[PDB]
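K.L.:
one piece of my complex first, more on the way:
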Amino acid sequence: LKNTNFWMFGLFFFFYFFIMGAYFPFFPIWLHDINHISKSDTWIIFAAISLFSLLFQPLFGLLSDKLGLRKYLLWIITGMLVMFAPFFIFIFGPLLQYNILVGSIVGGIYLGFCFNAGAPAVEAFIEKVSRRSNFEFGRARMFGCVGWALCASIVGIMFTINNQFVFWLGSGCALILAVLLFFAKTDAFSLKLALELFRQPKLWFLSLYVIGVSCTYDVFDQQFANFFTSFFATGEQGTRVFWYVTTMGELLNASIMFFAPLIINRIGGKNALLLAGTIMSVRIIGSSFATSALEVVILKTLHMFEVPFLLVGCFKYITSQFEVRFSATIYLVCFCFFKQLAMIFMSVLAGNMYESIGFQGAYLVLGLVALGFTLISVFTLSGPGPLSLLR
């Protein structure tokens, strides 16, 4: 598309998710393998990342709307992202081993800021441009997936050689990413209107949909990779093919997000979320009837259909219900602060189901919670209906 901002931010995503692609997928490996962390102390790291994300995420909602279309906040995010290289290497890496992990655990608030709490803020910002310009959020964020793809592809291949090469590659993306932010050309509320949203029922109705459907789905994605390798005689060959799927599968997200933002506009965007929660729910429940390798793989791919219909359709439902001047705040509260607060308790009772009643015996329960609240939310979520599509 001729619009310049499209081609600017389209690349901003590509890089920001590239630099996150060397962080999120391979973290448990980077722990248990590279830095040698006991799986009984690995949870300690995540205990902080999902804690400092409870203060940063609500707080960014405020700045995202009090600043509006001002780049000011992104400068600090993209700034810290430059420290990405020496973080993992010289700081974060030996700080877990050398002194108390705690010194690194609360020293690992950085990556909460930049990624866990940064990424949602980045998308929340970029949606605002999409309404000021012509293009849709979907084809913009499309690149973020293929950006995310490339990193995971360049890790595994440079892993046997010099795995560190990727981290420096990341901090270089931060600069080229900050370059874009400069060439980007663009162009309020009071806190009393925050408390009013807690009064609004239709705020709670969405938090239900997230807690029930998305928080339950995120705890599910945790030990799915280990579960995946269990359908192979050799635990290695599963770990391999697991990597092969995640790579190609993002080219699908780019393929799905191609026409995704056009499909939602007819369907409404409430019914987009229903459709997401459904795909989530089918995938998870299908893990309970899957016995073979050929079966379990298809399921990992169901995630690639689901994501486009969630995050695109999310903002559609947001802006098509609440004022656009609050579109950023509630996205970093409902789909984050609350999703995080619930994932605390659901990642716990998950572990107490796996080791208790087993994998599939738990994936059934969670699968029912997914579906349960997916279907609850056909009556709960304010907007059109699935029945309105049928008409």
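P.N.:
All right, it came through fine. Residues are numbered from 1 along each chain as shown, chains lettered A, B, ... in the order given.
K.L.:
Counting residues, which helix of chain A comes out longest?
P.N.:
helix A:235-267 (DSSP state H).
K.L.:
next helix or strand past that one?
P.N.:
Later in the chain than helix A:235-267, the nearest helix or strand by DSSP states H and E is helix A:270-286.
K.L.:
Using PDB, write down the CA coordinates of that following helix.
P.N.:
Output of helix A:270-286 as PDB, limited to C-alpha atoms (Å, rounded to 0.1, in the frame of the first residue of the first chain):
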ATOM      1  CA  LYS A 270     -17.800  -9.800  19.300                       C
ATOM      2  CA  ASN A 271     -18.400 -12.900  17.200                       C
ATOM      3  CA  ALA A 272     -14.700 -12.800  16.300                       C
ATOM      4  CA  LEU A 273     -13.800 -13.400  19.900                       C
ATOM      5  CA  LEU A 274     -16.300 -16.200  20.100                       C
ATOM      6  CA  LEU A 275     -14.700 -17.800  17.100                       C
ATOM      7  CA  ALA A 276     -11.200 -17.400  18.700                       C
ATOM      8  CA  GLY A 277     -12.300 -18.900  22.000                       C
ATOM      9  CA  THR A 278     -13.800 -21.800  19.900                       C
ATOM     10  CA  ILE A 279     -10.600 -22.500  18.000                       C
ATOM     11  CA  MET A 280      -8.700 -22.300  21.300                       C
ATOM     12  CA  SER A 281     -11.200 -24.600  22.900                       C
ATOM     13  CA  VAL A 282     -11.300 -27.200  20.100                       C
ATOM     14  CA  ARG A 283      -7.500 -27.400  20.000                       C
ATOM     15  CA  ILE A 284      -7.200 -27.900  23.800                       C
ATOM     16  CA  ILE A 285     -10.000 -30.500  24.000                       C
ATOM     17  CA  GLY A 286      -8.600 -32.300  21.000                       C
END
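K.L.:
Tell me what angle the helix or strand following it forms with helix A:270-286.
P.N.:
Counting by DSSP H and E, the next helix or strand C-terminal to helix A:270-286 is helix A:293-319. Between the axes of helix A:293-319 and helix A:270-286, defined by axes from the mean of the first three to the mean of the last three CA atoms, to 10 degrees, the angle is 160 degrees.
K.L.:
throw chain B onto that model:
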Amino acid sequence: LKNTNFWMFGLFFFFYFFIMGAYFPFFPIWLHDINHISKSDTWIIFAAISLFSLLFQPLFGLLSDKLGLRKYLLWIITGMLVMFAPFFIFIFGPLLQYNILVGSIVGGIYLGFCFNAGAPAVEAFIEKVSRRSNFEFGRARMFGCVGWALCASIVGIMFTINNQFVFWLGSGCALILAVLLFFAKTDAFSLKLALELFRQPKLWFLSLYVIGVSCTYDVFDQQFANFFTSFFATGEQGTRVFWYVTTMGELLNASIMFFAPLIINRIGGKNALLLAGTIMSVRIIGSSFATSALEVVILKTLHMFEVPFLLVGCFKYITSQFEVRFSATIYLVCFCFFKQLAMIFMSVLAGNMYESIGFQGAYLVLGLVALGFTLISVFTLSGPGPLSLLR
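P.N.:
So that you can see how it sits with the rest, here is chain B on the chains above:
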């Protein structure tokens, strides 16, 4: 020259001094004008950087030699330089004003680690390559002067537009540093053996050569720019002229160090330090008898004549006389550390001299101490003398 490592480390200097030159000479301007900081609480920053530099430079001397050609410590340096842009922009800048200086002066210890106690670590390291690869240390180091010039030229130009741009551009060079480092192929003792150095008479002689001439010369450049601007019809316009000298003077300084090692090698280096000290000495006295503005411009440039004969001669003297197995240590212990330790002591009475008598009235006492020790060092520093030059 077909020498591989020469061009690598030659450029390596170019970029590392591009990133220093864009901070060190502009530092006080970056304080008083940009951050709007007073003139009395300037000497809380420089009275902390120096403190931590005193306790790093020793620590750096030993671990520079325990590594030898192992690139380890030089990696930590280049790694932490990647955090350069986030530092001055979003950390060192805003944080200092936010909380008590003390709380944010400790933030300025990083600034010691990478430049004050970092640059000399980069010199010692490459000096050790100067013999394993066939090239002279001086002809590589001249790249630092042109690099130092290029940034500083970019500094003043960009200050009118966006003074931030130089910092970001710096953290870009920290990456290409890592690159050049990877294409460098380069392949013991104990601290008990280091202690013995201090009981060597030969060590005291060079140690005194520093405290006397070198320390007295590095304090001379403190408020010299204040003394320089008075020789103009305008201070503001006389600042622009100082910018031409500081830049072009380095272009000359390269050319001087182009031929330096070729000369220093046959003279011995012992007589090059007496020479360097005489170049310094001639420059100090000139300020006390500065009856014109054209004079003080040449004196500014007389510094550029001195630089090579020192840096080239420090190693060419250390390596010649002292054993190579302590080359980096004694360079960081005798020159950097002791000078710094001694400079903190000379900077006090200096202020109690300017306000006791004046600028031109104080410089005479320094020049006596300067040349005094320059001539004393003729009968202490073991080696040849200016006496052998005539033969």
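K.L.:
sorry, back to before: ok, and for the longest helix of chain A, which residues are buried?
P.N.:
Buried positions in helix A:235-267, judged by neighbour count with 16 or more other CB atoms under 10 Å in any protein chain shown: A:238, A:241-243, A:245-247, A:249-250, A:252-257, A:260-261, A:263-264, A:267. To be clear about C-beta, it is placed using only N, CA and C from the backbone, and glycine gets the same treatment.
K.L.:
Get me the contact residues on chain A for chain B.
P.N.:
A:75-76, A:79-80, A:82-83, A:85-86, A:89-90, A:168, A:171-172, A:175, A:178 (CB under 8 Å from any CB of the partner chain).
K.L.:
got the contact list for the host helix or strand of residue A:195?
P.N.:
Taking DSSP H and E as the definition, one finds residue A:195 inside helix A:192-199. For helix A:192-199, contacts defined as CB atoms under 8 Å, 6 or more residues apart in numbering or on different chains pick out A:62, A:203, A:322, A:326, A:329, A:330.
K.L.:
burial count for the spatially closest residue to residue A:203 that is not a sequence neighbour?
P.N.:
Distance criterion CB to CB, 6 or more residues apart in numbering or on different chains; nearest residue to residue A:203, sequence neighbours excluded, is residue A:197 at 5.0 Å. Look at residue A:197: counted by other CB atoms under 10 Å in any protein chain shown, it has 16 neighbours.
K.L.:
Count the neighbours of the closest residue to residue A:319 other than its chain neighbours for me.
P.N.:
Spatial nearest neighbour of residue A:319, excluding adjacent residues (CB to CB, 6+ apart): residue A:327 at 5.3 Å. Neighbourhood size, residue A:327 [other CB under 10 Å]: 20.
K.L.:
which SS class is residue A:327?
P.N.:
Here residue A:327 is recorded as helix under DSSP: H, G, I helix; E, B strand; the rest coil.
K.L.:
Would you mind confirming that it is in contact with residue A:124?
P.N.:
Yes: using CB atoms under 8 Å, residue A:327 is in contact with residue A:124, at 7.1 Å.
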